[PDB]
Amino acid sequence: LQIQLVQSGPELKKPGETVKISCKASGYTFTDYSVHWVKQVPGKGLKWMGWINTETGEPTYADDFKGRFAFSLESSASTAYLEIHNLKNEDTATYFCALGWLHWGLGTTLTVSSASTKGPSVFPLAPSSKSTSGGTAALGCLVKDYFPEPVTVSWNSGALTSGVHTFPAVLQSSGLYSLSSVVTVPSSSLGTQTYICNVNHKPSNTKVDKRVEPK
Amino acid sequence: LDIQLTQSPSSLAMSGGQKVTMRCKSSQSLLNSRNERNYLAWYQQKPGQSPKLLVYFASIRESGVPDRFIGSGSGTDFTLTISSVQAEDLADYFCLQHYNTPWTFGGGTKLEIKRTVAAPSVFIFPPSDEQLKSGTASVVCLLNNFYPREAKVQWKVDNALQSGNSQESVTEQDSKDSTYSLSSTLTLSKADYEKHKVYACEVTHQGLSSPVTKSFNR
């Protein structure tokens, strides 16, 4: 069996609010391993927050996390929870549940900000005689004016991955983010192949599919 | 006080096939006299992923981990070696002590891959009709699959060098060919965009014999 720790999705919260993040365990005996929580700040530094005993439900907190943090579990659902109350700017981070040192979950990205959520506008980057290098053409999608991070982009529902480049977002003076995703393909094939970018911004339930074709 | 883990070096650039040595020094001994085990683990965190266990109890390689990864050391001084580094080994590496609570982590070592010069392919993209309707024009210039990262991108509009209206973004290194890609985006109001005809990005890079310009006409 493959150990799986599925965590809840990216969230944006305002200062002072409460958030509850889940870690659902499958592929192993839940009561066999304690569940630890680790905070990774955007800078990538890691901080161990404490752990919860899955047999008894008893949590233990690291000193820095005694106050606004609560670990709990739901036995019947093999699920561990991290609840943070009175959220502060410094709580912005990715939070991992982990089976001690053995296995990390995929993490939950939390942003704490007074700014409103904003879904992206998605525009085609259309191939042409000037996005043509040798017999290679480039095309893509511009994903503009969203908040907060992150946003996911795929091509042809995951079927197109070769040569795909999805750029780190830039911060605009407006406080909104923007990025592009591009791909290179044969220029000879632009009339017969179909290229769709799939953009998902979970913090705003925005999903868009944009077909990209020569202008 | 808490056990402190010092990782060195904090960044390493190595070419494929070189031996990589990363160090983790603990303020306090991680050797459990009760177990003769060293309570240190090494992780690899590749771009955009969660940490993966490479080595546990200092020297025991995790199942599935390539044998080029070797953990060693004891007490206060530990080492993770990659006998022959591969392109896909591009990652942040960090150590974890779980000898005593609170568990603590090293600061990490970022492993970057050195490779031969690779020239960028350059492409330019006009703004879409949909966006212009909206009141803005984003013009994107793409530099694809190049090395090293050092590159100069200049925007010229009707032959006039632009300043102050563009932003660049560079990708993480590619895990297969160790190259970078870069985007430069020029953003104008629709009004300003329609004031000019020729939009060009000029790219300077050591893989190019001289600067390459890509352009279109509005």
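Residues numbered from 1 in each chain as written, not as in the entry; some residues may be left out. Chains lettered and ligands numbered in written order. Heavy atoms only, no water.

Per the PDB record, the structure was determined using X-ray crystallography to 1.800 Å resolution.

Chain B goes by ANTI-HIV-1 ANTIBODY 13H11 LIGHT CHAIN in the PDB entry, where it is assigned to Mus musculus,Homo sapiens. The title given to this PDB entry is "Crystal structure of the non-neutralizing HIV antibody 13H11 Fab fragment".

Chain A appears in the PDB entry as ANTI-HIV-1 ANTIBODY 13H11 HEAVY CHAIN from Mus musculus,Homo sapiens.

A.B. asks: Give me the side chain of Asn 200 of chain A: which residues, what numbers.
C.D. replies: Take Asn 200 of chain A: it is sitting in strand β19 (residues 196-201). When neighbours within four sequence positions are excluded, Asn 200 of chain A is seen to be in contact with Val 151, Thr 152, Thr 206 and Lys 207 of chain A. (Helix = DSSP H or I, 4+ residues; strand = E, 2+ residues; numbered from the N terminus. Contact = heavy atoms within 4.5 Å.)

A.B. asks: Which residues make up the side chain of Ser 178 of chain B, and what are the values?
C.D. replies: All names here are of chain B. For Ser 178, the position within the fold is in the loop between β18 (166-170) and β19 (180-189). For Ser 178, a relative accessible area of 5% translates into the label buried. When sequence neighbours within four positions are dropped, the list of residues in contact with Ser 178 reads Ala 87, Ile 113, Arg 115, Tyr 147 and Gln 173. (Buried < 20%, exposed > 50% of the residue type's maximum accessible area, 1.4 Å probe, protein only.)

A.B. asks: Before we move on, could you go through the state of the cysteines and cite the residues and values that matter?
C.D. replies: Residue and element names in this part refer to chain A. For the structure on display, the rule yields four disulfides over all chains. One disulfide bridge connects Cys 23 with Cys 97, the sulfur atoms lying 2.0 Å from each other. Handedness of the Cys 23-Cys 97 disulfide follows from its S-S torsion of about 75 degrees: it is right-handed. Residue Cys 23 is found in strand β3 (residues 19-26), and its partner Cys 97 is found in strand β9 (residues 93-99); the two are separated by 74 residues along the sequence. For the pair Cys 23 and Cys 97, one class covers both residues: buried. The partner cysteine of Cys 141 in its disulfide is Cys 197, sulfur to sulfur 2.0 Å. Because the torsion about its S-S bond is -95 degrees, the bridge between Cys 141 and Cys 197 counts as left-handed. Here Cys 197 lies in strand β19 and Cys 141 lies in strand β14 (residues 136-146), a separation of 56 residues in the sequence. (Disulfide = S-S within 2.5 Å.)

A.B. asks: Which residues make up the domain arrangement of chain B, and what values do they have?
C.D. replies: Residue and element names in this part refer to chain B. Partitioning chain B into domains gives domain 1 (1-115) and domain 2 (116-218). Its C-alpha centre places domain 1 at a distance of 39 Å from the equivalent point of domain 2. Both faces combined, the contact of domain 1 with domain 2 buries some 830 Å², and carbon together with sulfur accounts for 48% of it. Among the residues of domain 1 in contact with domain 2, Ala 87, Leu 90 and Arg 115 are the three that bury the most area, contributing 68% of the side total. The tally of links from domain 1 across to domain 2 stands at zero salt bridges. Classifying every residue of the side of domain 1 that touches domain 2 gives four nonpolar, no polar and four charged. (Domains from an automatic or database assignment. Buried area = accessible area lost by both parts, 1.4 Å probe. Salt bridge = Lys/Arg side-chain N within 4 Å of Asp/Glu carboxyl O. Nonpolar A, V, L, I, M, F, W, Y, C, P; charged D, E, K, R; others polar.)

A.B. asks: Tell me about the nonpolar core, and name the residues and values.
C.D. replies: Counting residues in each nonpolar core, the largest one holds 38 residues, and the members touching the most others are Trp 37, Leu 82 and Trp 104 of chain A. Among the nonpolar cores identified, the runner-up in size contains 25 residues, and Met 14, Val 20, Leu 40 and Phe 69 of chain B belong to it. (Core = buried A, V, L, I, M, F, W, Y, C linked by side-chain atoms within 4.5 Å.)

A.B. asks: If you had to explain the interface of chain A and chain B to someone new, which residues and values would you point to?
C.D. replies: The interface of chain A with chain B comprises 40 residues on the first partner and 45 residues on the second. Summed over both sides, the interface between chain A and chain B buries roughly 3400 Å², with carbon and sulfur atoms accounting for 66% of that surface. Looking at the side of chain A facing chain B, the largest losses of area belong to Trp 48, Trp 101 and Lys 130 of chain A, adding up to 23% of the total buried there. Our enumeration of links across chain A and chain B arrives at one salt bridge. The interface formed by chain A and chain B holds ten residue pairs in polar contact in total. For the side of chain A that touches chain B, the secondary-structure elements that each account for two or more residues are β4 (35-40), β5 (46-52), β12 (121-125), β13 (132-133), β14, β17 (170-171) and β18 (177-186) of chain A. The element contributing the most residues to the side of chain A that touches chain B is β14 of chain A, with six residues. Its residues placed into classes, the side of chain A that touches chain B shows 23 nonpolar, twelve polar and five charged. (Polar contact = N/O pair within 3.5 Å; in protein donor to acceptor, adjacent residues only side chain to side chain.)

A.B. asks: I'd love a proper account of the pattern of salt bridges, names of residues and values included.
C.D. replies: Once the charged atoms of two side chains with opposite charge are near each other, the side chains can pair. On inspection of all chains with the given rule, the structure shows 14 salt bridges over all chains. Between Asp 63 of chain A and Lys 66 of chain A there is a salt bridge, and its shortest N-O distance comes to 3.1 Å. Judged by relative accessible area, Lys 66 of chain A falls into the exposed class, the value being 55%. Counted as one network, the salt bridges with shared partners bring together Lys 46, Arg 68, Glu 88 and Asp 89 of chain B.

A.B. asks: Before we move on, could you go through the packing of aromatic side chains and cite the residues and values that matter?
C.D. replies: How two aromatic rings sit relative to each other is given by the distance of their centres and the angle of their planes. The full count for this structure, using the stated rule, is 22 aromatic pairs over all chains. Aromatic pair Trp 48 of chain A and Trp 103 of chain B: ring centres 5.9 Å apart, planes at 25 degrees, arrangement stacked. Of this pair, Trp 48 of chain A sits in strand β5 while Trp 103 of chain B sits in the loop between β11 (91-97) and β12 (104-105), which puts the two residues in different chains. Geometrically, the ring pair formed by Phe 69 of chain B and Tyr 93 of chain B is tilted, given 6.3 Å between the ring centres and 35 degrees between the ring planes. You can see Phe 69 of chain B sitting in strand β9 (residues 69-74) and its partner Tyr 93 of chain B sitting in strand β11, a full 24 residues away along the chain. (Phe/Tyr/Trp six-rings, centres within 6.5 Å; stacked < 30°, edge-to-face > 60°.)

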